[PDB]
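Worksheet: one structure, shown below.
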Amino acid sequence: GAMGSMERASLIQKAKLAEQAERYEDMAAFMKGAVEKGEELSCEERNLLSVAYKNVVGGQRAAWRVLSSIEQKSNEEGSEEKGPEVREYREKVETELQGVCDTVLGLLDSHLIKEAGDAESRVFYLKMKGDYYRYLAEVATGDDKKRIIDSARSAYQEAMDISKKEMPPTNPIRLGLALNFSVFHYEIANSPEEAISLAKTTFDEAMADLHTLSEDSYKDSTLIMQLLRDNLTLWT
Amino acid sequence: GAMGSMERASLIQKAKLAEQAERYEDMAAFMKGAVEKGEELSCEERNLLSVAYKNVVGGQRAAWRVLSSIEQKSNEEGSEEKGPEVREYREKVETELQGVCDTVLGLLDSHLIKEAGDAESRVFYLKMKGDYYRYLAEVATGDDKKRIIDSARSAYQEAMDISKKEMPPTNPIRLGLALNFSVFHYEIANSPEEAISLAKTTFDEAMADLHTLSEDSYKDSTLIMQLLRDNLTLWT
Amino acid sequence: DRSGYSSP
Amino acid sequence: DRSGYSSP
Ligand SMILES: [Ca+2]
Ligand SMILES: [Ca+2]
Ligand SMILES: [Ca+2]
Ligand SMILES: [Ca+2]
Ligand SMILES: [Ca+2]
Ligand SMILES: [Ca+2]
Ligand SMILES: [Ca+2]
Ligand SMILES: [Ca+2]
Ligand SMILES: [Ca+2]
Ligand SMILES: [Ca+2]
Ligand SMILES: [Ca+2]
Ligand SMILES: [Ca+2]
Ligand SMILES: [Ca+2]
Ligand SMILES: [Ca+2]
Ligand SMILES: [Cl-]
Ligand SMILES: [Cl-]
């Protein structure tokens, strides 16, 4: 690893600098280096890891969508033949995206998940596993696709089971997990009714627990609840 | 070159796709490949080259500025010692920026400028030479700095001399050259009065020639004239 | 369909 | 000082 010679603490410091500079590929590489030191990650460090890779894969996903739309239009009747270039370049972006997803999944498997015993860490990592399989599913074609979809589902379901047993219904990790699993149902699994049910139940159970919270915790939870509401408005 | 096996026309097609996808590092690599085919570039192709590298170096410059500001604050009295990491990471970004500038300068020198005989192409390339030396100057420390500043100045001055002889005062290339050379004077050469004089003279001579233009040419020229005015408002 | 918001 | 606009 190119980061093998750098101190763990220096990697974390530089990840924070890279975030401030909006250098997310650098941020991700620093955080990968930190994970590969072999120690467990703190809450803050888990968030740095997530932010870094979310921003990298988010740019790739957006690019893929642009290119896929151009490719689909090329395949309409009356569209002039333009050669292999759109497909080739879509495939290039796709392969790079898959590579980033495989890198994240690899970190989770070696060895973040197996060392994570506390509910906050275990749920966090299992949610990430679901998310990165979901991104793989977005570009998958076939029943290859089926096994990827099932991997996402399984990770999300294990995270949900732990979160319901171990965390309050307002916990931001639990809420963001439920939000993302509802998106999985709607966008990936062709299960809009399951998506809507999950978002509704999650919102309502969180609303009933807000009275327990401090001002600052209330703000954190209500931010995510608003996203559940925004999806329900789009979907109904 | 990694692009040596790809057709020139395919490189240009993919550069356009990369622009649509906001994949500017890819766009730049495609355009570098196209230049290295050895043929001269059309007007459209020159613009693709410029857009690609402008966006790459622009992200690097923004990151450098963030990191430089953090480093300067670290060196204030009362600032706690935090080790070498801010300097190291600023230096990393700086070296990558310098590398992109050296790549562009290398394309211009081998062999875009020497093959460019028409005023539109020659001015375009000489302006680019000035711009990329200017970006090198922004991060240079010393009298190393002096020779870089002089290289920028020389390129801009040769471009200005050609543009004044061969192009109308409303030509967008001529206007953007004058705009950038005025920024050079203000930001790099410590010559605010020269910057203001140049911006004023350029604006006024363009205003006097707008009557010659079509609606669409008028729109193109007045867009850049507005930037001259915006700088004059900041500087006076 | 794809416009649904995921966690930020 | 550095806020001056260059060509887009
Ligand atoms: Ca150590
Ligand atoms: Ca251990
Ligand atoms: Ca046709
Ligand atoms: Ca083609
Ligand atoms: Ca593929
Ligand atoms: Ca543990
Ligand atoms: Ca050929
Ligand atoms: Ca020739
Ligand atoms: Ca102190
Ligand atoms: Ca340190
Ligand atoms: Ca340096
Ligand atoms: Ca020629
Ligand atoms: Ca979505
Ligand atoms: Ca400026
Ligand atoms: Cl490609
Ligand atoms: Cl570094």
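FYI, residue positions are counted from 1 along the chain as it appears here.
Note that Cβ sites are derived from N, Cα and C of the backbone, with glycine treated the same way.
The feature expression tag is assigned by the PDB entry to A:1-5. Panel annotation: around the expression tag (A:1-5), residues 11, 29-30, 32-34, 36 of the same chain, lying at least six beyond its termini, place a Cβ under 8 Å from a Cβ of the stretch.
Counting Cβ atoms from all protein chains shown, A:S10 (phosphoserine) has 19 others lying within 10 Å of its own Cβ. Marked as phosphoserine by Swiss-Prot: A:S10 (among others).
Annotation source Swiss-Prot lists phosphoserine at A:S79 (among others). The Cβ of A:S79 (phosphoserine) has 10 other Cβ atoms within 10 Å, all protein chains considered.
Secondary structure from DSSP puts A:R61 (site 'Interaction with phosphoserine on interacting protein') in a helix. Positions annotated as site 'Interaction with phosphoserine on interacting protein' by Swiss-Prot: A:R61 (among others).
Within 10 Å of the C-beta of A:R134 (site 'Interaction with phosphoserine on interacting protein') we count 25 further C-beta atoms, all protein chains included. Sequence annotations record features per position, and here Swiss-Prot assigns site 'Interaction with phosphoserine on interacting protein' to A:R134 (among others).
Sequence-distant contacts of A:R61 (site 'Interaction with phosphoserine on interacting protein'), defined as residues of its own chain at least six apart whose C-beta falls under 8 angstroms from its C-beta, comprise A:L97, A:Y135, A:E138.
Chain B comes within the C-beta cut-off of under 8 angstroms for the following of the recorded positions A:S10, A:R61, A:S79, A:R134: A:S10.
When the alpha carbons of A:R134 (site 'Interaction with phosphoserine on interacting protein') and A:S79 (phosphoserine) are compared, the span between them is 32 angstrom. Reported as a whole number, the C-alpha separation between A:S10 (phosphoserine) and A:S79 (phosphoserine) equals 53 Å.
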